[PDB]
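Only one chain is included here, represented as structure tokens and corresponding to the form deposited without N-methylmesoporphyrin.
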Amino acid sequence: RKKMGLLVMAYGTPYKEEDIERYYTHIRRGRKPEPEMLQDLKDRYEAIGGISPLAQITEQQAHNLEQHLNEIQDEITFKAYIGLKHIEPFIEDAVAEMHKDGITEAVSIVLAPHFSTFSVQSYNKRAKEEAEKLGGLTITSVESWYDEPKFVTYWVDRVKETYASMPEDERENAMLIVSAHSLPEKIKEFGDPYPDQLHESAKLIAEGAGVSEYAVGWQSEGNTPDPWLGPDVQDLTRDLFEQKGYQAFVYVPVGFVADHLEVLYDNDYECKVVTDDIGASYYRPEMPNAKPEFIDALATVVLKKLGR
């Protein structure tokens, strides 16, 4: 049994209400949010059911993956380490931990299926530079996994169930909106494949579920310096309805893997407000979270990367 480190990286989420300030200050490059901003951020977390369940998902995903990988093959024993971008344990901390435990070989994976220079590449770079600084630790990094058959099927099956559940009439006038986290539009100057990968994910899911009509949109953009990738899901819904009058909208935020704020609020609240206003039905299938089907897809991605 070869010992290998499994570095699972993610954006990060506060652990308790008192972390919101520092968590958002970090995301905003040092600009701590105004008292008024802080206050409603808390309100949003409360509306969605609370903060603590949020961070648990990432930990559960990492541990279930570890446990699953170690059961499906007999050559390697994986040890999972979580490295986050906006709250401890940060990426550097997780790498330092691995080095401390005597890990010399590691494989990394970001919990976001699509690659981006702004996101994934940045995480991978941080993980590798730290390892390099410490020395004696080598890391092979997965860059994207949106096209993993097992991951595509999870969403294909969820879309099928949803379309099957709606009345024939809504089923006749339904629109599938596939989305991911918006990023500054400037990434395109670097030839960033992020937009293309999202569109490809949308094609993969729609075709597998037999959906002829679907659209791609973005959500959760930032503090507008230069424009961010658009169109936003809120605007896209309005637009699409005024044009063809879709009686139902199914949101598949394929860019996200858990029941986090950007799904529970930006979709379940913000998009629902729009559908409620226009009198259309709102549908948003369950996120993969730590579901066995999902953990199996992640294990396969990691095994393929190592050629096992």
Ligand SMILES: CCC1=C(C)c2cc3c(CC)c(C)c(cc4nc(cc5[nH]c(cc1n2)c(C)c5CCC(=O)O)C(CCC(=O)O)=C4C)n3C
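Heads up: residue numbers just count along the shown sequence, starting at 1.
Below, we turn to the form solved in complex with N-methylmesoporphyrin, even though it does not appear here.
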Stretch from 63 to 71, 25 to 33, 237 to 245, 277 to 285 whose residues place a heavy atom within 4.5 Å of N-methylmesoporphyrin in the bound PDB entry: 25 to 33
- prompt: residue 44 near N-methylmesoporphyrin in the bound PDB entry, any heavy atom under 4.5 Å?
  reply: yes
- request: State yes or no: in the bound PDB entry, is some non-hydrogen atom of residue 223 no more than 4.5 angstroms from a non-hydrogen atom of N-methylmesoporphyrin?
  value: yes
query: Would residue 184 show up as a contact with N-methylmesoporphyrin in the bound PDB entry if we use heavy atoms at 4.5 Å?
result: yes
- prompt: Though only this chain appears here, would residue 51 touch N-methylmesoporphyrin in the bound PDB entry if you measure heavy atom gaps against 4.5 Å?
  reply: no
query: Thinking of 11, 119 and 261 as the candidate spot, does N-methylmesoporphyrin come within 4.5 Å of a heavy atom on all of them in the bound PDB entry?
result: yes
- line: Only hit among 85, 126, 79, 150 for heavy atom within 4.5 Å of N-methylmesoporphyrin in the bound PDB entry is 85
message: I need to confirm a contact call. Of 228, 163, 146, 155, which residue comes within 4.5 Å of N-methylmesoporphyrin in the bound PDB entry, counting heavy atoms only?
response: 228
